[PDB]
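Here the structure comes first, spelled out in structure tokens, and everything after it is commentary.
All values below come from the heavy atoms of this structure, side chains included, with hydrogens, waters and symmetry mates left out. The chains referred to below are lettered A, B, ... by the order of the sequence lines, with proteins before strands, and numbering in each begins at 1.
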Amino acid sequence: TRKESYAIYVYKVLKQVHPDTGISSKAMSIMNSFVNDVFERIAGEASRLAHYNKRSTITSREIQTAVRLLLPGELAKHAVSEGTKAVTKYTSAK
Amino acid sequence: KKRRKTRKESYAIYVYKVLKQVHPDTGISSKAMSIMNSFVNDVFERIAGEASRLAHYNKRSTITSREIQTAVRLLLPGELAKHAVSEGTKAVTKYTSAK
Amino acid sequence: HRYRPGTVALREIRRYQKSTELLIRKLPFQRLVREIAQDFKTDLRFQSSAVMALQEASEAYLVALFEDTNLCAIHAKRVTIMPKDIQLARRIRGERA
Amino acid sequence: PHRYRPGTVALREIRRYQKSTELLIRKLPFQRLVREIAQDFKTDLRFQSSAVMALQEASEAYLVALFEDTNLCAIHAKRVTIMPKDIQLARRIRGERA
Amino acid sequence: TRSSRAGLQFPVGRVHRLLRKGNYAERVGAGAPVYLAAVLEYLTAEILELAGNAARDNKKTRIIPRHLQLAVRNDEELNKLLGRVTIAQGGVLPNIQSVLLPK
Amino acid sequence: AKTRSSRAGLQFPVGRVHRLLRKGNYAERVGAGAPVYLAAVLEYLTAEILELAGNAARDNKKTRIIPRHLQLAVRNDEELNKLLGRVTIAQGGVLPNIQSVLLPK
Amino acid sequence: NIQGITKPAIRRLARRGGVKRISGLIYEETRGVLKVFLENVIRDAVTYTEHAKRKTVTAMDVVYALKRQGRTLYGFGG
Amino acid sequence: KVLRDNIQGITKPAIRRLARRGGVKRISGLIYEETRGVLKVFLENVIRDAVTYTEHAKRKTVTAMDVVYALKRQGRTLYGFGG
DNA sequence: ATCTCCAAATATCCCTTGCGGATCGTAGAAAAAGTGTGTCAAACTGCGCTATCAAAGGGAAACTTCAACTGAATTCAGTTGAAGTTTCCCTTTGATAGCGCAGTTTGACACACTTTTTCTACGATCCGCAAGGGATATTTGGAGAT
DNA sequence: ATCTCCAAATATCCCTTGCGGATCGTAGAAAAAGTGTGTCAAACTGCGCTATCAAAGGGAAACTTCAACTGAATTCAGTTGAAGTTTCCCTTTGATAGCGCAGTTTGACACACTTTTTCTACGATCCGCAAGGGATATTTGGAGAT
Ligand SMILES: [Mn+2]
Ligand SMILES: [Mn+2]
Ligand SMILES: [Pt+2]
Ligand SMILES: [Pt+2]
Ligand SMILES: [Pt+2]
Ligand SMILES: [Pt+2]
Ligand SMILES: [Pt+2]
Ligand SMILES: [Pt+2]
Ligand SMILES: [Pt+2]
Ligand SMILES: [Pt+2]
Ligand SMILES: [Pt+2]
Ligand SMILES: [Pt+2]
Ligand SMILES: [Pt+2]
Ligand SMILES: [Pt+2]
Ligand SMILES: [Pt+2]
Ligand SMILES: [Pt+2]
Ligand SMILES: [Pt+2]
Ligand SMILES: [Pt+2]
Ligand SMILES: [Pt+2]
Ligand SMILES: [Pt+2]
Ligand SMILES: [Pt+2]
Ligand SMILES: [Pt+2]
Ligand SMILES: [Pt+2]
Ligand SMILES: [Pt+2]
Ligand SMILES: [Pt+2]
Ligand SMILES: [Pt+2]
Ligand SMILES: [Pt+2]
Ligand SMILES: [Pt+2]
Ligand SMILES: [Pt+2]
Ligand SMILES: [Pt+2]
Ligand SMILES: [Pt+2]
């Protein structure tokens, strides 16, 4: 059966950032854990936010304030900006 | 009327009932009641939270009394775990009796 | 009549460990909260219970912190708590790098 | 015959073990311990070898971190030698019990 | 009521509603709210039991937050369960370190 | 442009993130931009770690990233260290560090 | 404002904490430590307020904020 | 065959090595048994939870995931074995 | 101050492997497009509760007086844990085979969910009365002095 | 070790207010009914876990020697605590002014659902080869010795 993984995306981002550099299988498993982990923490807190505010839906707004709550200062600033920038770009098409 | 003053909802009555069952001559201040209400919600969430994950972990769509059971086993320390598993198994036995 | 150093302190411990009343005066604490919230967002109000919450949290936190600090003091064959004690407690708590 | 003064080898052992990342507890002993403990909870358990490797990684991480805290407790008391009361202090302040 | 069919004080219907509104899973089995209500009942029974005695020991007929604090922190298992909880207005257990006392 | 990632200007998979939010019972409904936003955040954080681990690989005369590089990266970085304050990187070891008092005198 | 948390108040806290003798430098540290604690909780509390499009910091906002820092508080709407 | 006394496989040199990784220069002779104590408690707690995850799944084999989930529960998330 | 020497680091050769970059063929999942519908944004409204104000006294915080006792520095010796050596147990490694059981598959369906009507538990709101608060006295449990 | 001397504990009595019971009205739980799909039980399977053996040698255990660390003992300057005096502001009380929270009604729209079309990502398999990684030898930086 299919084992889903973030491996391909992590390679892609790795080539953008350090184009002559590889990653061991274990190092990748760690990367995959990290992505699943952060995902869980964000979706999780976003879930609460919608509940706390009697909403049926998780929007990019919940993700944003989830991010602000979970990530420490600078990392929250850039991720917030990468986030909004991608949504902005994403509405701009279709 | 017409404009209704919302409606809060707590466990205060069932708590008071249980306080009777164990300390018939003993009462409870409103602040301590608040605390008990927090306690029930807190525990409720801790439990349903685990059960939810247990269902996810096991690729299953339903929260059964079986997830509640192991959630309790993960959540509660030794003796509390043991008693809660009794109290819970028994209510289900009794509930499924009654028709 | 003079009680020796430490005797009244001991008495105080018994007294404060026996009560549950807040030990920071309400208003100075309230000012501090609004000042701090101000540095995060301007034009903000507070439910009175919210401030209460913050004070309950804050004092429970500090009391607990003093228990830990005191243990570190005693670990060093001392009886007097010093900043190095708080610093160690907070490090071992993983509150501080 | 040549002799290093006490502490010199201890310091170089620290550099050595601080550079590496290999598990420091022997592998089969560790596995027997896990099986013994599991068994006291339920008989007839089997383990994926990676379930055991995971347990070992977690256990060595925990103990290593605990020794860092224990050392800070020894040093806090003007000592250089870790002692049971150091670990006890660390565990108490960590909120670890039993 | 489902509560009576199960011999519980705690509301099996509410617990059931609340499990549907909390997005814990797509579906909720019939047994689950019973079992949960029961556990919630037992646990609040447990607290109140020790809290009450602490009201007694303190010569009172009303439980106040301080008694809940004494109940919880004097009981090893409840102290573990509420390890990371602060009970407002609870104070602390009287505890003074040996070496701070005079000879 | 077909894929939602391509639309959003992203490497991380917007469709996958959408599906995982839906089948994880976080809420009844998932808005259009949430997986976009979320895939972007995930991509960013992996870029920041790969970057920092990448450097660590190079400082240790190495070409391929291993868990020790991720660990060096994370704990030498005040902010990643905080985010993964309660996390254990298998095979990462620890930071070289010897308290002063233990040094020979 | 930070000095509204007075030397006698801090002593009182230290006493509930079981502390018999306090070094003179403690009162400054405690103010520093308390600032960092309030900053973090209120940072989160206000984030919840903003998100709810409100201008009022609620008890719940705080209770939620205290919950995120792993410091669950009973008695205000848990 | 009966499993007994395996905490002794956690040897003195192996405890010494972990203290080194943790920066410890000098070790009192009493540390080895304190450490065994602590390790045992640590393992009982994680293993109890992993085994509960196993039982819940109606499995007889403890998996990496039961352990990873068990560690997560105790606030000791582990990266490298799934999840 | 200068030489001796030991263990970590550097250099040499060989070689296994696990990686990145292919090319592949292919289930499963995302996108595309159509349609049904409920969530939530808006706009308008009431009033709950937060802010604020003005005062007045009573107790808390601040400052001061003093010296008891604590922490910090010094000294030293018995203890004890580090280094190095020697013996040989038991872990590691590599391959084997047998099979227990994890995981995939398939039909039958009980059981949950959904929709609508009927019944009732529990929240809102109300305040008499006693458990508790607050004030004053009297008993008791200890500390500091001689 | 026994006698004066505070301060907290306990005893008592009169006020205060929030417990806790009772009244009333609804929103939510229960009952009854039609629909389907997730779960379960049963059949079949081969990854990989346990089990073993067997050789090899790396590492543990047990031992001797002794350097140096812990901690006991001692001294004392000075930082705290206790008690008194002094200065300052917290808390309480009575509102009134209106901010902004939350209730209500609604329809445009955004997301759910489901079906068909398109193509991403996974599992299987091979390759160049630099990167390691292990066995063997040498050079090296400095602890310790003369
Ligand atoms: Mn009873
Ligand atoms: Mn056993
Ligand atoms: Pt709330
Ligand atoms: Pt998994
Ligand atoms: Pt590969
Ligand atoms: Pt297909
Ligand atoms: Pt459409
Ligand atoms: Pt509609
Ligand atoms: Pt209005
Ligand atoms: Pt008004
Ligand atoms: Pt005045
Ligand atoms: Pt006055
Ligand atoms: Pt005065
Ligand atoms: Pt001293
Ligand atoms: Pt000596
Ligand atoms: Pt010895
Ligand atoms: Pt076989
Ligand atoms: Pt009374
Ligand atoms: Pt007396
Ligand atoms: Pt109705
Ligand atoms: Pt209704
Ligand atoms: Pt079906
Ligand atoms: Pt088979
Ligand atoms: Pt050998
Ligand atoms: Pt050897
Ligand atoms: Pt010393
Ligand atoms: Pt002096
Ligand atoms: Pt008004
Ligand atoms: Pt409408
Ligand atoms: Pt040299
Ligand atoms: Pt030298």
Side-chain angles (χ1 to χ4, degrees), chain A residues 1-5 7-8 11 22-25 55-57, chain B residues 2-10 13 16 27-30 60-62, chain C residues 1-9 11 14-15 25-28 45-48 76-80, chain D residues 1-10 12 16 26-29 46-49 78-81, chain E residues 1-2 11 13-14 16-17 26-30 60-62 102, chain F residues 2-4 13-16 18-19 22 28-32 62-64 104, chain G residues 6-9 21-24 54-56, chain H residues 11-14 26-29 59-61 63:
Chain A
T1 48
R2 318 263 280 182
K3 247 280 167 202
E4 259 186 9
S5 145
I8 49 161
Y11 285 110
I23 183 156
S24 78
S25 158
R55 253 34 179 255
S56 328
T57 153
Chain B
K2 204 54 260 142
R3 172 162 297 206
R4 173 54 59 113
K5 202 261 176 184
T6 320
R7 179 163 143 163
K8 49 169 194 176
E9 188 196 49
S10 74
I13 59 166
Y16 197 70
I28 183 154
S29 96
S30 62
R60 286 198 58 267
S61 308
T62 13
Chain C
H1 187 255
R2 215 98 217 280
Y3 287 108
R4 319 257 223 76
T7 301
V8 186
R11 198 214 314 301
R14 302 192 193 282
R15 183 193 167 197
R25 301 169 323 284
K26 305 196 174 204
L27 192 72
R45 296 154 147 271
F46 278 85
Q47 290 183 339
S48 38
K77 338 249 213 191
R78 279 185 280 104
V79 154
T80 325
Chain D
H2 182 264
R3 203 141 233 282
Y4 294 106
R5 300 172 59 175
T8 305
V9 185
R12 117 187 153 220
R16 167 180 177 191
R26 272 138 31 236
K27 189 204 165 184
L28 179 58
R46 310 170 106 203
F47 287 84
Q48 290 178 342
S49 49
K78 302 137 311 207
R79 286 181 280 105
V80 156
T81 310
Chain E
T1 73
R2 294 186 273 182
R14 192 129 110 192
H16 185 44
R17 174 196 91 214
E26 202 185 282
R27 332 162 103 215
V28 172
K60 298 285 195 310
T61 101
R62 249 142 58 180
Chain F
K2 309 290 161 190
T3 66
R4 292 202 268 174
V14 177
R16 191 171 289 185
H18 199 339
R19 181 197 79 210
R22 280 193 263 104
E28 298 233 291
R29 316 159 97 250
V30 180
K62 290 283 184 306
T63 263
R64 189 188 289 157
Chain G
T6 58
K7 176 179 167 78
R21 216 177 180 275
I22 301 176
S23 148
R54 286 184 276 99
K55 285 203 167 183
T56 307
Chain H
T11 58
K12 174 192 197 187
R26 215 172 175 271
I27 301 172
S28 135
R59 275 188 282 101
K60 313 177 104 210
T61 312
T63 60

ask   = Which nucleotide, I:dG84, J:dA131, J:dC99, lies nearest any side-chain atom of F:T63?
value = J:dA131
ask   = Using a cut-off of less than 4.0 Å, is there contact between a side-chain N or O of B:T62 and OP1 or OP2 of J:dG38?
value = no
query = When we call it a touch if two heavy atoms are under 4.0 Å apart, what does C:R15 touch: a base, just sugar-phosphate, or nothing?
reply = nothing
task = Determine, using purine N1 to pyrimidine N3 plus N6-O4 or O6-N4 for Watson-Crick, or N1-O2 and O6-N3 for G-U wobble, whether J:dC101 and I:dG46 pair with both distances under 3.5 Å.
result = no
Pair flag I:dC19 x J:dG128, Watson-Crick or wobble criteria, under 3.5 Å = no
key: Under 4.0 angstrom between E:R17 side-chain N/O and J:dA29 OP1 or OP2   = yes
key: Stacking of I:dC53 on I:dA54, centroid gap under 5.5 Å, tilt under 30°   = no
ask   = For J:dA29, does OP1 or OP2 lie under 4.0 Å from any side-chain N or O of E:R14?
value = no
query = Between D:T81 and I:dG81, does any side-chain N or O lie under 4.0 Å from OP1 or OP2?
reply = no
side-chain N/O D:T8 vs I:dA82 OP1/OP2, d < 4.0 Å = no
ask   = In whole Å, what separates the P atom of I:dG123 from that of J:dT106?
value = 30 Å
ask   = Distance check: side-chain N/O of D:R5 vs OP1/OP2 of I:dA82, anything under 4.0 Å?
value = no
inquiry  = Taking 4.0 Å as the cut-off, does a side-chain nitrogen or oxygen of D:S49 come that near to OP1 or OP2 on J:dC49?
reply    = yes
request  = Answer yes or no: side-chain N or O of C:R2 and base N or O of J:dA82 forming a donor-acceptor pair under 3.5 Å.
outcome  = yes
inquiry  = The test is salt bridge (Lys or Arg N to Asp or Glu O under 4.0 Å); show your working for F:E28 and F:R22 and say whether it passes.
reply    = CA-CA 8 Å; F:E28 298 233 291; F:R22 280 193 263 104; over 6 Å; no
inquiry  = Measuring only the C1' atom in each nucleotide, how far is I:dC101 from J:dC126? A whole number of Å is fine.
reply    = 34 Å
ask   = With distance as the sole criterion, do the side chain of F:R29 and the base of I:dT39 form a donor-acceptor contact below 3.5 Å?
value = no
Side chain of F:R22 - closest among J:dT70, J:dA143, J:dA112 = J:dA112
